[PDB]
Amino acid sequence: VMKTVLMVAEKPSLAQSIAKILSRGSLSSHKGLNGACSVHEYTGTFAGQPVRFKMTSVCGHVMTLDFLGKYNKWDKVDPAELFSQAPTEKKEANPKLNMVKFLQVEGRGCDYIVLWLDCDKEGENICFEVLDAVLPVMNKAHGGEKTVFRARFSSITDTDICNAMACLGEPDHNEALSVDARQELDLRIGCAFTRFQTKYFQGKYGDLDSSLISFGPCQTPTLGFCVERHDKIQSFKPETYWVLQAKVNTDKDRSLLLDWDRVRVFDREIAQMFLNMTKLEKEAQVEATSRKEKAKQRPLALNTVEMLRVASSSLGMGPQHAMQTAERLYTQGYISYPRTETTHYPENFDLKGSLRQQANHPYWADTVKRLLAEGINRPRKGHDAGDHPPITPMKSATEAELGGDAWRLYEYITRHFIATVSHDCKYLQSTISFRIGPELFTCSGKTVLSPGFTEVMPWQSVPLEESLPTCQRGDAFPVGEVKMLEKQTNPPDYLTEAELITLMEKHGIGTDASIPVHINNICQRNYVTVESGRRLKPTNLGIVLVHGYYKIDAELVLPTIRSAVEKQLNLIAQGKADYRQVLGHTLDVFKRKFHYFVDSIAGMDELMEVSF
Amino acid sequence: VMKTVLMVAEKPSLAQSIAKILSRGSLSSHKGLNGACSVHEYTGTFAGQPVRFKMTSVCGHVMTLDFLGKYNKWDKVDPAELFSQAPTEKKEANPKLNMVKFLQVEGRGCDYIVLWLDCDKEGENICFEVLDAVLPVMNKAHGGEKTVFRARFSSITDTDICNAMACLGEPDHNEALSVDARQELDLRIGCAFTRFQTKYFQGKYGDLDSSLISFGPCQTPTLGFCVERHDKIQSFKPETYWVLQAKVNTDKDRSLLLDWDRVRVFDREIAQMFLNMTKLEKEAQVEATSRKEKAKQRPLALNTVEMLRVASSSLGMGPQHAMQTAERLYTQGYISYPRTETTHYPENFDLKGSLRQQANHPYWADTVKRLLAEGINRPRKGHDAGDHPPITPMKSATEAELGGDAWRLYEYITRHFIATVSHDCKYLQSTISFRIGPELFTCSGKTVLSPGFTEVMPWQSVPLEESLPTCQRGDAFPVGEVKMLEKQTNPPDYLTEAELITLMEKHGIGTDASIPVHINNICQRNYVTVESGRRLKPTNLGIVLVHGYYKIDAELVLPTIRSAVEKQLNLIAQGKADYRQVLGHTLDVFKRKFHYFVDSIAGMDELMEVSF
Amino acid sequence: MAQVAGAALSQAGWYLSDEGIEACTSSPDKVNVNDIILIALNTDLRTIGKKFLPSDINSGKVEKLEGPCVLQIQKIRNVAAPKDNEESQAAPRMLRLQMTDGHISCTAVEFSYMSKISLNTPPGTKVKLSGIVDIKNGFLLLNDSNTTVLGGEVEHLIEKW
Amino acid sequence: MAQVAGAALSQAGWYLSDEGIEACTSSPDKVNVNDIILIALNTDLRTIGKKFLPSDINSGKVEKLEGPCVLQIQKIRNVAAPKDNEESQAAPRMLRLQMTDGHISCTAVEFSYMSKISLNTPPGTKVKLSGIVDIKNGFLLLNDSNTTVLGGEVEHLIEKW
DNA sequence: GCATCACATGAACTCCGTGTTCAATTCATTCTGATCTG
DNA sequence: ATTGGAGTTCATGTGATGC
DNA sequence: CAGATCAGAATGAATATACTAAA
Ligand SMILES: [Mn+2]
């Protein structure tokens, strides 16, 4: 008899593709009763029987077990709650989408149920959570035949899905239970540490009560991987090595040094041997010279953070007095509000008039006058934050108006706003290579051709050097003098967010695409800061937190411990014990260590007495 | 012992204001059992008895009008039966307010009632609704004296409201049942036409799925405005200009460009002959010199329509967003009532006091202090309409408490007010006319003498240009080169939001608060999509549907039916006709139109299929 | 006498064919200058205008016109205004007139401001060009002292359309 | 024995000692040239081989080395990398290799970047020098024309971490 | 066929600063491909 | 024209059932 | 025979029934 069978997935494009493969007639479309991702239907034959194929793809994934118990409360709750005293059940979260209409559609009745969601552990979790809701509302399970059918497609592949259509079956069990068990473990641990950081870490400090410590199973190891580099920097262990130096003779007027293309070597004798091979120079060769063209980019609109950074640099003086000047300036009033977080320059702003009010102070001069003349180019597009328009001067002043450091600051803003409109600084980066012995040394230099914004901010200007005498390949260009040198430094180069990414997959904690959101979480929690050059230097709160961790309880850091718990909750596939013991023994050993951690809040309290 | 008098205001804020003046500081305030509007009680006198006054504020429309729920099933009957076979009732709008139950629970025993709603139209509905709600509530009219009193206050000022409670009146049912008529007629027309259209056009054309087709008294004209604009833009025949240009120098390094009195000629060979007679010369003589001065007009008070216009044009904000931001600023207690029409300031309004409060914001500290010296100039004698006072800032606010849309909309609100009471800008225009052959050429220029409101509103400032050098009769300036120019007739651009307001207010399509809603309505239904520059471009679906009305029956789209229906209902408002019978006459003619539209719809389908 | 009347009309500018003069008249009877002027003014110029222009008018060889002459204007358009906005006042008015003689149509550009003839001028109206006529590039330039429209009625082929 | 033993030895240069031959698996009348090396590719050359290298390689008296020879690796390091970190692109990779024959170890520096030996290779991997090799003072230069990798295990631990 | 009753449910009344993960469509930007000539 | 939100319990519409 | 000169893929902001009108 003409029955009905419903199929569940989660992607609209994948839904369209599977409809296309299922009928090749595009089915027919019903407007999404769920409010999104309209559904399709056909008159097909699943097992050769006449069945209305009604197919849908859910718009998301209901999640958030959370608590489902008011016993969550706040500070006035039993601490044992965060250890084990929590009646745990899942909620129909994010109803801002709906999922009530999803349940209604899954209701009514279907002869058979086909599940085609994501082919992973999370997808199986969604599949089972959908299953335990669709079975209570389906018509009936009459007969010994099963009503659940799962495909085995790997990704978007026509032949793979074609054979997976025949490759039917029942979804494997306990993977969803593994993953959701991992989620409740994250719930309990994070809630526990947040509750007791709100209890003890704030310590009624007044100033630090506003700040929040957002602990997680991976947040602390990520902070540790942000801070250990600073720790090795404090180690400050220097190094020793050698540098080969040589000179290719000029026209007897100028000088032409080289750079030893095999840059740097850590030895005592191999460098001496190379010197032995490079101490009888008689002739050189011009094997290759290169001359490219790359343009330095115009600056952006100034932020409060950038202003503070350059003012601590540049003229150079502390943030507190910088903010003091900011205010006095807003007062005699020469600048807009000094708490900007945008780089948009909204179109309402009168660029022409603003640039027009500066017709004095010969420091900016006929240069800005001709910039007023002809055409001005559009500034760089930035980001809209909705705080207030960026920093910009009004009704410019002179030497005798402000004076001192306030005048210096105003000079900075004035120069930067002049720079905000200009042409890019073009230059030719030339390099010529000299071939001697088993070596192919190379020297490089830059020659500016268009100053542009270089005319307004010398402190950001390309350095001046003599242009290298470009010549044809294979010229003689003999040698002058050669030398063996030494140079060394600190442990350099506090690495950046790219190296954070690399080490983050290296240790192996995180998920497919949540690395940026963890980074954003750990930075808004005021543990690290963003510095120029994409630097990720930590802050006082982060460093004291990691130091307090290390001093007494490194187990909670143990950057391999998260991978260890992950692998022991991955080994729970196949025949094994119950989740109850696995969670309970682990959490109870952590909570005993954590009880005497609370008994030893000392370490952190001395860290506070030291640094706050 | 004492009696009780109940009074309700239309708006909560005006309610507390009335309480402030009435009780002269004897407030007994407490929030009512709704969480929306509080209740203020005090003691006083009324017709010579010491009595107690309780006053509340209905939060808007007490009730709205809708048909029977059965006919709201969208499939019970054909919409034609809606004309004269659909009984219609009134329901309490916004049940979340629970206004009907609030007025039911509060009002028992209130022997006398005085009513303080707005005296214009659209308030009589509310007053009679409140009256009919409260009549079954009080302690019965045992006393032969009537208890229904109406307060007729013209302007919201202290002395005016003093006279208001000095002398009261009685409402006007005859003109109440005119706005009643207009509301019901609009309701039936919409609920018939829109329903029939959305049922038909989506019947077979599948692309019209998941969309709503609308028709009515205001939506159709506000679409047709942009439609006619697009039709004129498309139907255009480009042509070419011919202008002669003259170039001269005065002494050295000075370039002057002359202008032809005959600004353009539409013929190639005639322009060539004009050039032929012109080029054979080398000298130019001054004939007429001018030293005439003019003045620029300072703006009126910021009306609601003008505020919306400037917010759209300069700030790049949609009308709905602007209205919402204004409402937020109003409810936070910064600026006084957003939706107002009156222009003239109250005579007894303390203009000086408002300017005094806003004197510490650095952006104006120099200009506000100077203006306070010579005394505020009298405001322009504009127009009055008996509505609420115009928009003005009420108390100072630095940027700290304000954000984005804040220093945006609020910044214009204040700058408009300082300019309102400021002086005017004095500028000098000098025109010098030269003789080139038999023809006449002249140059025009302007200069600043003493800026007025231009020192507070930068965008409305006189442009700066080089002043013409002084000239004396009888000199022959050296003549440079000439050059004829070929130009083209620029077609009109897409309609801007500012021009739509002109086309709205002048024809009176909507009310003060209806304009932002309708513009949002037409944009939301995918009829017209906004683009860069806040211009409105009609969609393909919009263009095809509207054109059919033009060729079928223009009596449903021309921007005059709204004026006609409004002008034909005021006769009922003055009681010059019969209320019952006029509605039938209006219903009867529209009934014929609905049948014709059904009959004359086939041709529109032919127009529809061209697009799809 | 006949040649005396012809010379009088020549001094008035009027140049007509003989066949024109006995065609315009209601009868070959005693005639006076006023009646012959009015009766020819009633008639169309196409059949009554003799060869009184020296030709070569379109080209630039011609340079000026002396003496009293008689012409007509057939169509008038404002070359100083666009076509879509036919009644725009963005510029001072400056017309061009299609001036005919019964043999050729030339262009007379209005060089001086004038009000006694407007855009809605009855077409085919009679004009006199006594004295000085400035023909610059073969095209005529109007003036307020020589170019004088005398009025007239002709069979209205235009009906404004 | 005799000629066939000499030919088998000289074919690969794996100059195994008599004691190593008798200690390892060399079954008489089972194989002569093939399986001996086939199983020797995983045998301790350090203990089974003789010092066919000169007496004073590190002294510098010997200049040039010729003939195909096969040796093991003991300590291979990038001479242009710090002690803490060994893998980076901050400088061209110059490999320093402690190169073992069995009695007299030596060390070779790699000139040409070769993608056959990594910094993680297990010690004892067979490397065959084939051609002319030059030592400067106490270190021998390498090139792709000289070194050929074969692979093997020295029967040791991981000697790491 | 009809009066009844208990159950679901919507609404009126009253009392009281958590990890993880996405997340369902198509901008203007931003870092990857074809072609004469010293 | 533009307002606090959550849990409880009670009145009511209605579907299921018995007479 | 690839700079100077014009063209594609990754990055990344985007929303969806209820009817009209109007406080
Ligand atoms: Mn109102």
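Residues numbered from 1 in each chain as written, not as in the entry; some residues may be left out. Chains lettered and ligands numbered in written order. Heavy atoms only, no water.

As deposited, the entry is annotated with cryo-EM as its determination method and 4.25 Å as its resolution.

**What about the overall build of chain C?**
The number of helices and strands found in chain C is 4 helices and 8 strands. Tracing chain C from N to C terminus, the helices and strands come up as α-α-α-α-β-β-β-β-β-β-β-β. Computed over the C-alpha atoms, the radius of gyration of chain C is 16 Å, within 12% of the 15 Å expected from 2.2 N^0.38 for a compact globule of 161 residues. The 161 residues of chain C split such that 36% are buried. (Helix = DSSP H or I, 4+ residues; strand = E, 2+ residues; numbered from the N terminus. Rg over C-alpha atoms; globule rule 2.2 N^0.38 Å. Buried < 20%, exposed > 50% of the residue type's maximum accessible area, 1.4 Å probe, protein only.)

**Let's talk about the pattern of salt bridges**
Side chains bearing opposite charge may pair, as long as their charged atoms lie close to each other. Taken as a whole and assessed by the stated rule, the structure comprises 36 salt bridges over all chains. A salt bridge links B:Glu327 to B:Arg339, with the nearest nitrogen and oxygen atoms 3.7 Å apart. One end of the pair, B:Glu327, is in helix α9 (residues 319-332); the other, B:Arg339, is in the loop between α9 and α10 (351-357), with 12 residues separating them in the sequence. We classify B:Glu327 as partly exposed; its relative accessible area is 30%. For B:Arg339, a relative accessible area of 27% puts it in the partly exposed group. A salt bridge links C:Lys64 to C:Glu66; the nearest nitrogen and oxygen atoms lie 3.9 Å apart. We classify C:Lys64 as buried; its relative accessible area is 17%. Put simply, A:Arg182, A:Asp186, A:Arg562 and A:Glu566 are held in one network by salt bridges that share partners. (Salt bridge = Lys/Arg side-chain N within 4 Å of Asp/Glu carboxyl O.)

**Describing the protein's contact with DNA strand F**
All residues adjacent to DNA strand F are A:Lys70, B:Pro12, B:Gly35, B:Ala36, B:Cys59, B:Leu97, B:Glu327, B:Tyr330, B:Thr331, B:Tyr337 and B:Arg339. Between B:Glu327 and DNA strand F, the recorded distance is 3.4 Å, taken from a side-chain N or O atom to a phosphate oxygen. The side chain of B:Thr331 places a nitrogen or oxygen atom 2.9 Å from a phosphate oxygen of DNA strand F. Broken down by element, the residue count for the surface near DNA strand F peaks at 3 residues, all from α9(B). (Near = heavy atom within 4 Å. Polar contact = N/O pair within 3.5 Å; in protein donor to acceptor, adjacent residues only side chain to side chain.)

**What about the interface of chain C and chain B?**
Taken together, the contact pairs 18 residues of chain C with 16 residues of chain B. Summed over both sides, the interface of chain C with chain B buries roughly 1400 Å², with 66% coming from carbon and sulfur. Counting across the interface, chain C meets chain B through 1 salt bridge. In the side of chain C that touches chain B, the residues fall into 12 nonpolar, 2 polar and 4 charged. (Contact = heavy atoms within 4.5 Å. Buried area = accessible area lost by both parts, 1.4 Å probe. Nonpolar A, V, L, I, M, F, W, Y, C, P; charged D, E, K, R; others polar.)

**Considerations on the sheet that holds strand β9 (residues 425-436) of chain A**
Residues and elements named next belong to chain A. Taking strand neighbours across the sheet as the criterion, the 3 strands line up as β8-β9-β10 in an open arrangement whose pairing is antiparallel. Each end of this open sheet is capped by a strand with a single partner; those strands are β8 (285-296) and β10 (439-448). Averaged over all adjacent pairs, the angle separating strand axes in this sheet is 20°, with direction ignored. Bridge count between β8 and β9: 11 bridges; the pairing is antiparallel. Across the sheet, the residue bridging to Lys 292 is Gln 429, located in β9. (Pairing = 2+ DSSP bridges. Axes fitted to C-alpha atoms, helices over the stretch in contact; angles between N-to-C directions.)

**With respect to the domain arrangement of chain C**
Residues and elements named next belong to chain C. According to the domain assignment, chain C contains domain 1 (2-48) and domain 2 (64-151). For domain 1 versus domain 2, the separation of C-alpha centres amounts to 24 Å. Summed over both partners, the interface of domain 1 with domain 2 buries about 860 Å², with 58% contributed by carbon and sulfur atoms. Of all residues in domain 1, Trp 14, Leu 45 and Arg 46 bury the most surface against domain 2, accounting for 55% of the area lost on that side. Our count for the domain 1 to domain 2 interface comes out at 0 salt bridges. Counting across the interface, domain 1 meets domain 2 through 2 residue pairs in polar contact. At the level of secondary structure, the elements contributing two or more residues to the side of domain 1 that touches domain 2 comprise α1 (2-11) and α4 (45-48). A class-by-class count of the residues in the side of domain 1 that touches domain 2 yields 5 nonpolar, 3 polar and 1 charged. (Domains from an automatic or database assignment.)

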